[PDB]
Every structure is written in structure tokens, then in C-alpha cells.
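J.: I'd like to ask some things about the structure below.
Each value in this text was obtained by applying a stated rule to the coordinates, not by laboratory testing. Don't worry about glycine lacking a Cβ; one is built from the backbone with ideal geometry, like all the others, and counts go over all protein chains shown.
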Amino acid sequence: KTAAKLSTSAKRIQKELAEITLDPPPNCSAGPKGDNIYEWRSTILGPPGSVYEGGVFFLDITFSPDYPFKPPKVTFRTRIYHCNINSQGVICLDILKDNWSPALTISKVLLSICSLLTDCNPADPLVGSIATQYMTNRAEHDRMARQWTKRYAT
Amino acid sequence: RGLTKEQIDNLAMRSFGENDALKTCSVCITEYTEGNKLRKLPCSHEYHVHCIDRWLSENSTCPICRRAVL
Ligand SMILES: [Zn+2]
Ligand SMILES: [Zn+2]
């Protein structure tokens, strides 16, 4: 029925599950929520030294039957004050749009997201007002991001 | 968009040889096994035929280095 690319996607996710359990990226874990291999949950710790330090953030991860030839859908389920992550939890990250590659892995995705928490990209903002504040009133941006981290992510 | 079936068939193709036993197709995270067929792109990155053909049906660049295949 050629829906058998379910087999392709499931084999790849099954191997990645094993590898991300034995060798998780620093300060991240991820795994299936339940019986559906295509629907994972993930925890990210706020990178040390960043305004998100001490935060615990939850992400949803949904693989498509086309995986790994189409990117997974990854959305933040914890509120975070960050110009590339909006209140829908949409993440503005190139490798999740048209820079996706089938050689990427969910571990690589989580590492990029951690890198994005460490260094936001205000040239490609999802929350314009946060990007503008980040560039013109850096200290105000960091004060509020630390307050969000404390109230919403601990 | 990706490549025509003719452009795709014009890419290089060889059978698994014993030296490939130590290598991994980045798209399916699997070590090459005998009987496999491997495609090697101009940038010299290699994949299972079915693995990179599927990607080049709707895309035009190397999964690993992002160089244009043509
Ligand atoms: Zn392969
Ligand atoms: Zn290449």
C-alpha cells in the first residue's frame, strides 16, 4: 500500500530512541509519551549561564510517517520569554523548516534548540517585540526573561 | 523541488563491497550490508540508493553538506 513508509519511519525512530537513551544530549531527555512511537515528550534544562538557567522546559515532538524525509514538529509546552519561540510554542529554527536534512536526528535538533536558548536570533524573530527589546534594551529583556524562567519554568 | 527520474538515474551506483561494512548510511542510520546498492554524489557522500533517491525526489542538495547535486 506504500503506506509501508510507516516501516521506514518507525525503524528510524526506534533506532533513535535507543541511541538517545544511552547517549542523551547534555541536559536533555526525550521519549515516547505512550504506545505511539511517533509522539514523544522531551525535557530541556535551561543552559547554564543563560537567562533560562534553572528552568525546566517541556517540548512536544511529533514525527510524521515521512520521517526522516520531513522534519519533526517540535513545540514548546512551557512558557518561555524568547524572541524565536512564541506563545503557541512554535520554534523559529531553520532546520525545522527548509533547512531540514534527512541526516539530522532528534538529538541534533535538541542540541540546536539548546544552542538557540543560549544565543537567540533576533534577525529572524517570531516575537518581534522581544527581538526589538533584545537589541535595544538588553538589560530589560534579560530581567524579564529571568522572571519568566522563575515563574513559568520552575 | 527535486530531481527528475532521469537526473537521479544518471547518478553513480555500485554494489556493496567489503570495505563498506564499516560505513553507515546517514539517512537510515544503518551499516551497509551485502546486496545493498550505494549511490555516491558529486560531493562524494554515499547513501543507500533507496534512501537518497527518496530525498532527491523532492529535494536537490546533499543531506550532509547541502551542496547542490547537479
Ligand atoms: Zn540508508
Ligand atoms: Zn555532500
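J.: Output the relative contact order of chain A, whole-number percent, from Cα pairs under 8 angstrom with separation of 6+ residues.
T.: 22
J.: By its C-alpha gyration tensor, with a ≥ b ≥ c as the square roots of the eigenvalues, how is the protein assembly as shown shaped: rounded for a/c under 1.5, else prolate for a/b larger than b/c, else oblate?
T.: Here the protein assembly as shown falls in the prolate category.
J.: Let me ask something else about it. When we measure straight from the Cα of B:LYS23, which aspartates and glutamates land under 18 angstrom away, once same-chain ones fewer than 8 places off are left out?
T.: Correct list for B:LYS23: A:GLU16, A:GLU19, B:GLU31, B:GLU34, B:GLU46.
J.: Also, quick follow-up: Please sort by residue number the trypsin sites (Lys or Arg not before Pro) in segment A:63-105 whose DSSP state is loop and whose Cβ has at most 13 other Cβ atoms within 10 Å.
T.: Counting only loop positions with at most 13 other Cβ atoms within 10 Å, the trypsin sites (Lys or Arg not before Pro) in segment A:63-105 are A:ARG77, A:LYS97.
J.: Now for a different question. Classify chain B from the C-alpha gyration tensor, please: rounded if a/c falls under 1.5, else prolate or oblate depending on whether a/b exceeds b/c.
T.: Working: a/c = 1.99, a/b = 1.67, b/c = 1.19.
Prolate, because a/c is 1.5 or more and a/b exceeds b/c.
J.: Starting from the Cα of B:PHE16, step 7 Å along the direction of its Cβ; do the same at A:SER64; then give the gap between the two resulting points in nm.
T.: 3.0
J.: Can you flag which of A:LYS1/A:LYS73; A:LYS70/A:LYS108; A:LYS97/B:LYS5; B:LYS5/B:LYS37; A:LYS11/A:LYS70; A:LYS5/B:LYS40 are past 19 Å Cα-Cα?
T.: Numbers: A:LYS1/A:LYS73 25 Å; A:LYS70/A:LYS108 15 Å; A:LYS97/B:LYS5 25 Å; B:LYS5/B:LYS37 17 Å; A:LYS11/A:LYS70 15 Å; A:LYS5/B:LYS40 23 Å.
Check vs 19 Å cut-off fails for A:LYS1/A:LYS73; A:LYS97/B:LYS5; A:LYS5/B:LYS40.
J.: What do you get for the angle between helix A:5-22 and the principal long axis of chain A? Use alpha-carbon atoms, 0 to 90 degrees, nearest ten.
T.: For helix A:5-22, the angle is close to 60 degrees.
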